[PDB]
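Protein chains: 4
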Amino acid sequence: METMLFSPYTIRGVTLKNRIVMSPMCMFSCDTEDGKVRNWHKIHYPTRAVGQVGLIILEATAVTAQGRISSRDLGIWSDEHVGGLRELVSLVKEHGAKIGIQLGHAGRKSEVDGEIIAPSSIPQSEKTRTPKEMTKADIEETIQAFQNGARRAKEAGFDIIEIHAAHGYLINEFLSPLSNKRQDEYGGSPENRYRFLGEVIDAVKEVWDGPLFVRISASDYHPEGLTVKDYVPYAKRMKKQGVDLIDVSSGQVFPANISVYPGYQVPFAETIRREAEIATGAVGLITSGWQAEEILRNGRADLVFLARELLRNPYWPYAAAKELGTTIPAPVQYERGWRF
Amino acid sequence: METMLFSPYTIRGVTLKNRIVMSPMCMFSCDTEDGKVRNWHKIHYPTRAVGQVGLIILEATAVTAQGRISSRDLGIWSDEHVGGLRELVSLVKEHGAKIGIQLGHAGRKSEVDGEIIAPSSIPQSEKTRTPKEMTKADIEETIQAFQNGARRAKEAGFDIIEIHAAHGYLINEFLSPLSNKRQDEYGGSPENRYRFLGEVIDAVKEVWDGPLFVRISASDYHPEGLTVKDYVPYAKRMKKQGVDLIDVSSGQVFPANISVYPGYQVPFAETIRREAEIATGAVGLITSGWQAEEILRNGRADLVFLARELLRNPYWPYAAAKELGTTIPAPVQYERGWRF
Amino acid sequence: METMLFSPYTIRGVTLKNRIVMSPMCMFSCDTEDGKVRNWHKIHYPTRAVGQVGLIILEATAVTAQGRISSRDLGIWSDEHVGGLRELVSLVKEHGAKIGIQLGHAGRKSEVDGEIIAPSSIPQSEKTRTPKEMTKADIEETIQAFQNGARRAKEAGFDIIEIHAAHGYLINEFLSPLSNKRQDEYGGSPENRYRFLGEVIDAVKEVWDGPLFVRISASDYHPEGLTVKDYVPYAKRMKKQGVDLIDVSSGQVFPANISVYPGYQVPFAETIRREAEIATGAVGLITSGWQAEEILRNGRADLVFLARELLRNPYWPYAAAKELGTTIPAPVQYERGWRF
Amino acid sequence: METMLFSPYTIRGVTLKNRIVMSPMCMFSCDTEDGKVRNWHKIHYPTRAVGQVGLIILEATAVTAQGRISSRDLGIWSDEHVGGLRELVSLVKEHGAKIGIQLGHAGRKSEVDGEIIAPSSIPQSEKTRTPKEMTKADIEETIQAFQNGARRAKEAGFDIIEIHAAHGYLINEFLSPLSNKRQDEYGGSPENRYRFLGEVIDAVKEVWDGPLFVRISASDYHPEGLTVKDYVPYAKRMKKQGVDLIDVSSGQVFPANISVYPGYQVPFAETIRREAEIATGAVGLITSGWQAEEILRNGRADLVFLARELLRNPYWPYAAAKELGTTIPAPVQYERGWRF
Ligand SMILES: Cc1cc2nc3c(=O)[nH]c(=O)nc-3n(C[C@H](O)[C@H](O)[C@H](O)COP(=O)(O)O)c2cc1C
Ligand SMILES: Cc1cc2nc3c(=O)[nH]c(=O)nc-3n(C[C@H](O)[C@H](O)[C@H](O)COP(=O)(O)O)c2cc1C
Ligand SMILES: Cc1cc2nc3c(=O)[nH]c(=O)nc-3n(C[C@H](O)[C@H](O)[C@H](O)COP(=O)(O)O)c2cc1C
Ligand SMILES: Cc1cc2nc3c(=O)[nH]c(=O)nc-3n(C[C@H](O)[C@H](O)[C@H](O)COP(=O)(O)O)c2cc1C
């Protein structure tokens with residue numbers, strides 16, 4: 001029973017057992033408000049590894065306390081976070097899943113109390129706070145925080161790191177001309193608006209030589225913002241800097257009313273894959289095994305990412321295999337229930 | 001929810017109530033072996049019209065008796081066939097379906113007793129018979145038989161006509177260099193191997209002014225054969241000759257093995273639609289309403305063709321509406337059962 | 001996996017190929033308003049025989065014009081009706097299905113113009129017309145119409161006859177104390193209210209030796225009306241008179257609605273089956289193969305009746321076999337679609 | 001639609017939020033071979049509590065080391081087991097589920113090294129070991145082990161206790177004349193063969209005042225073994241002793257090969273419920289919301305037990321609610337996916 005959905009995939013000596021990925025999903029469940037792993041996370045993430053998902057990516061994890069979305073986020077801004085993340089790594093990997101971490105900074109979308117920072121002092125909307133415009137010292141300090149976060153992730157035992165450059169947060173605010181009005185070398189041209197992302201990538205590669213992903217918002221959905229043609233030259237540069245895969249999302253940069261439907265972001269993933277010759281991940285209302293097999297076999301992406309479907313059924317790989325008429329290995333404790 | 005699957009579609013005066021098409025499927029049910037419509041056909045085709053399919057296309061209907069696949073095929077080589085075909089048109093259109101017919105000739109894949117014909121004297125495999133190499137008289141007669149079929153179909157009251165240029169049958173044999181070895185003006189170059197189809201199209205347009213479809217095999221799956229790049233200039237020719245829509249299939253030219261999977265021929269249909277600027281229809285392992293709405297909304301085709309799924313469930317349009325969370329009109333007798 | 005659902009069942013020399021029955025459903029499609037079969041019926045009923053239903057029972061067919069529910073009903077009050085009914089017998093049985101007919105009289109629920117009849121001059125509700133109370137001449141005449149209908153059904157070639165004694169129509173109106181207030185020998189005790197049904201059964205048996213069904217409403221859903229415990233002695237008497245199977249429905253006697261749920265009338269079918277030791281049919285929100293196998297294997301009924309599900313999917317037996325993990329014979333034309 | 005499946009149920013002061021139960025299932029995952037709770041159990045059981053199951057019952061938990069089925073079973077023979085079991089109770093109850101424990105002793109079906117015990121010295125089959133026939137002192141010691149296990153369950157915080165009297169294990173060996181050949185007061189009449197179970201129940205009630213379940217095998221499937229008529233007087237006695245619910249299974253006493261089908265043990269649950277006037281649990285090939293609602297609404301049982309279906313989909317309650325057209329509360333972290 002040949003499917004491509006259940007075939008392995010290798011990225012520089014890390015091999016995933018199938019093409020299914022659990023997409024990063026904030027849980028707002030750090031009840032002690034100090035960034036640390038709690039019981040909620042130690043059941044939530046291993047459930048999907050028992051369910052035979054090949055790669056589990058943690059929710060947006062803040063590289064400074066000021067870069068959290070909410071006070072109940074996970075964090076990696078302290079050497080004290082390494083012990084709890086290491087325990088989580090061990091509980092997921094015992095089931096044969098590999099594990100990744102999404103490194104985040106919320107920028108002008110931070111909801112935490114106190115000062116918040118951004119490339120330019122413009123609020124996201126009339127209902128949100130005006131941020132402080134970063135100085136050159138703030139830029140150097142934030143690039144160093146991403147480096148320190150990557151070192152701690154290596155020390156905890158993660159297999160993959162992803163940089164969050166999407167959905168209107170700090171790095172996306174530097175990339176889009178809707179939010180970046182700067183007059184120094186970090187603004188004022190397509191090359192200068194890339195510079196913050198390029199320096200974050202270079203700083204992570206100084207301490208991390210394993211698989212590296214970047215997640216992007218391929219369109220701003222605005223007449224004066226970016227579209228996928230602007231991201232084709234940016235993806236070519238990321239490949240030269242040693243990024244292995246682009247995880248292709250869209251929007252949340254500007255309030256916009258957009259039409260949503262099955263696979264509505266798949267064309268962005270295939271444009272980047274074919275025009276820049278780099279591996280890609282697809283995401284957005286992917287909910288069935290039949291659908292996912294078509295995406296992979298026609299070369300539209302290399303990995304399929306699922307978020308809301310794995311909140312409804314965390315053992316979706318069993319259901320997807322039945323739909324495709326194939327079989328997969330089961331946890332030995334569940335063999336009497338996993339009949340094909 | 002407004003969907004594209006249940007939106008109308010108009011071609012040169014003919015309006016289809018939705019984008020769903022029942023693909024042509026031989027039934028081998030002419031038990032008198034004279035090509036005439038039988039009781040089986042008068043239940044089989046009207047069942048799918050009650051089911052709310054927008055357009056129903058009859059099985060390959062042979063334009064000469066020598067051009068049948070089997071002795072139990074439907075035929076249109078006599079004025080005697082008009083009467084039984086007219087009754088069938090009337091039974092289908094009662095329910096709001098439009099109806100079309102696929103004119104065919106089997107060439108060297110014919111299984112009927114006696115002499116069979118081809119563009120060159122090469123059999124399909126080592127297990128099949130060797131065809132006679134067609135003379136110039138044979139060519140003009142066969143072109144003429146296609147014109148007579150179209151005239152008879154217009155007389156019977158069909159809405160749409162389709163020419164069968166695919167799956168290794170007679171027109172496909174002229175198109176392919178794997179089977180056409182001719183040294184006259186019907187072989188030896190891209191312009192020459194197109195000529196037979198070009199003439200068949202012109203002869204049909206002499207007697208028929210309604211929507212005209214053509215079905216192609218977009219790849220031979222063979223190192224020395226055709227690929228979709230060869231069919232882009234052919235589709236531009238057909239558009240200029242007044243063909244309205246290309247029905248995109250593939251294969252069955254060369255005895256071989258190929259791996260099939262959901263939507264495996266959709267990339268051929270999108271390449272023809274985009275590069276030759278002509279409407280297309282997609283076919284091949286399309287089974288769900290979720291899948292069909294993706295094809296249409298990402299612009300990969302204009303109509304979706306189903307075969308085996310309509311043998312398993314002839315009222316598939318109700319089930320597809322329910323999967324997409326929309327509603328469609330039901331036959332008034334069935335309103336207590338068709339609850340959305 | 002062998003199932004009872006797809007095992008044969010023999011009654012008095014008639015063998016059904018499985019336990020699945022198309023329950024009677026009015027179509028309101030006699031557009032010439034003379035009771036004759038139309039093209040609608042000649043597609044509708046054979047579609048379910050192609051889908052492999054074992055027994056197809058026609059909609060309520062009126063034994064007098066006055067006994068029609070509406071002007072567009074099927075009828076059997078004239079020898080002229082035999083010809084069209086026999087065409088429909090031939091079209092259904094060609095596929096291996098057996099065929100039955102439900103003989104009806106609408107009573108005080110009739111909607112046709114002019115005088116309507118009933119045991120007692122009481123309207124069904126405030127909004128309906130008041131009926132004439134039947135004389136003894138009217139009772140004898142109406143019994144004779146049921147006998148003539150059965151003779152016509154034998155002549156047309158039916159395999160099974162069913163008497164409609166349910167859903168508040170004429171015979172149900174004699175059985176219930178809610179509707180029957182008579183003071184002659186047709187009212188005022190359990191034996192007197194049974195008398196009209198007992199006399200219809202004897203008159204049919206004078207002309208018909210094949211399988212005989214009766215459909216009942218086993219509860220009135222009223223504190224002063226009938227319950228299943230009243231029907232147990234009536235079923236013991238029906239067995240002595242030569243009825244072969246009781247088709248067990250409920251309600252529609254008092255003008256109120258009730259809360260329904262899956263299998264809500266199965267306890268009535270099993271109480272009649274076990275306490276009167278007679279074969280029974282179950283009906284009401286039976287929609288899946290898993291459900292149908294449980295009814296049969298636990299001895300709750302001998303045949304399963306489906307109405308609304310067979311309007312949504314007329315090839316349900318293929319889907320039920322896949323759900324149960326078993327295989328069934330397919331029509332030869334559909335073998336490449338009906339994969340198990 | 002209000003359903004009974006999602007209505008609450010109260011037993012002697014414990015309220016369950018719905019009627020769905022996770023049936024006991026051995027995991028053979030105590031890798032330290034000392035009966036203690038491990039990381040496997042701390043993810044496996046809370047997964048179904050997040051999935052909104054109302055009552056979770058732990059796998060057979062051995063009251064002595066000699067009563068284990070395998071060396072990898074959970075146990076409750078030491079005060080050192082209480083700490084790990086209490087942690088597991090807290091992790092499950094955090095989500096609104098209630099939690100139970102099944103107390104077991106494998107008798108002659110034990111696989112551990114050394115001596116094993118039974119009412120009589122007859123092996124289970126030719127391939128298994130001959131057990132020691134128990135003395136009166138062995139009987140007193142084993143009843144005391146069940147009491148000590150019940151006391152530790154209370155110390156750990158469980159809501160419900162179940163006694164395992166089924167599937168051929170030690171208490172079932174005393175009940176059945178196939179395995180009990182004793183000539184003293186524990187064998188040779190229906191009252192004498194009940195005596196071991198009756199003394200276990202009384203010893204548990206001395207230390208436990210909460211809800212008490214007993215699981216039975218209602219048939220041995222053997223001409224000289226027990227049938228459901230033997231268990232009607234047993235269930236009347238258990239009610240008098242203060243048992244609150246009978247959990248009704250069958251078989252695994254003698255090597256019969258019975259033919260199973262959906263709901264094949266539900267008629268046993270309904271016979272005990274109606275004849276002894278005691279609440280019952282139904283189990284056995286129950287997989288759909290449609291099926292479970294019929295069992296409850298037709299009064300066949302009070303709770304529905306699932307085993308293999310919750311190994312395939314641990315969030316089954318979400319799917320069953322959708323199938324029945326109702327809604328239920330979701331974990332707040334999952335509200336964006338649990339849409340209905
Ligand atoms: C509760 C929730 C939390 C999410 N958190 C993140 C996140 O931390 N980082 C991120 O890049 N996307 C996040 N997303 C977006 C998803 O990863 C995904 O891109 C989106 O929901 C579309 O995929 P789906 O249709 O499979 O849900 C979140 C989505 C949800 C519903
Ligand atoms: C029984 C059967 C008969 C068919 N007959 C024809 C035919 O007469 N002409 C044609 O062009 N294709 C014919 N086909 C091919 C189908 O039209 C369709 O292209 C193919 O089955 C793939 O679509 P599907 O996956 O929806 O079945 C037939 C297929 C089947 C199974
Ligand atoms: C449109 C329609 C017509 C029906 N006509 C009849 C009828 O003529 N005679 C009869 O006994 N029941 C009739 N019924 C009742 C059905 O036979 C069946 O008893 C009922 O619909 C419950 O079964 P279901 O849940 O499978 O639909 C009809 C039901 C419908 C929806
Ligand atoms: C892996 C497995 C372990 C089981 N362990 C137990 C057990 O410890 N105690 C018990 O009474 N039944 C046990 N059973 C039987 C189940 O509880 C249940 O009665 C049976 O599987 C039928 O229900 P189902 O069709 O929903 O699986 C087990 C079944 C399985 C498949």
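Residue numbers (the deposited numbering), protein chains in the order written: chain A, 1 to 340; chain D, 1 to 340; chain C, 1 to 340; chain B, 1 to 340. Note that the Cβ used here is the ideal one computed from N, Cα and C, for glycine as well.
Sheet register partners of residue i (DSSP bridge)
i: residue 27 of chain B; result: Residue 27 of chain B pairs with nothing; no bridge assigned.
i: residue 62 of chain A; result: A:75 and A:104
i: residue 10 of chain C; result: C:15
i: residue 248 of chain A; result: A:216 and A:282
i: residue 43 of chain B; result: According to DSSP, which records beta bridges pairwise, residue 43 of chain B is partnered with nothing at all.
i: residue 238 of chain B; result: Beta-bridge pairing links residue 238 of chain B to no other residue.
i: residue 133 of chain D; result: D:118
i: residue 98 of chain D; result: D:55
Contact with chain C by residue i, beta-carbon distance below 7 Å
i: residue 86 of chain D; result: no
i: residue 33 of chain B; result: no
i: residue 261 of chain B; result: yes
Delimiting residues of the beta strand (DSSP E) encompassing residue i
i: residue 162 of chain A; result: 160-164
i: residue 15 of chain C; result: 14-16
i: residue 21 of chain B; result: 20-22
i: residue 304 of chain A; result: 303-306
Where residue i falls, given that 16 or more other Cβ within 10 Å makes a residue buried
i: residue 13 of chain D; result: exposed
i: residue 240 of chain B; result: exposed
i: residue 255 of chain B; result: exposed
i: residue 183 of chain A; result: exposed
i: residue 126 of chain A; result: exposed
i: residue 257 of chain B; result: exposed
i: residue 340 of chain D; result: exposed
i: residue 238 of chain D; result: buried
Below-7 Å beta-carbon distance, residue i vs any chain B residue
i: residue 172 of chain A; result: no
i: residue 294 of chain C; result: yes
Residue range of the unbroken alpha helix (DSSP H) whose run includes residue i
i: residue 139 of chain A; result: 136-156
i: residue 53 of chain C; result: Careful: residue 53 of chain C lies outside any alpha helix (DSSP H) and carries neither H nor E.
i: residue 197 of chain B; result: 190-207
i: residue 174 of chain A; result: 170-175
CB contact below 7 Å: residue i versus chain D
i: residue 316 of chain A; result: no
i: residue 267 of chain A; result: yes
i: residue 52 of chain C; result: no
Any C-beta of chain A under 7 Å from that of residue i
i: residue 298 of chain D; result: yes
Which runs of the alpha helix (DSSP H) at least 4 residues long sit entirely within the stretch 263-299 of chain C? Give them in chain order. 266-276 and 289-297
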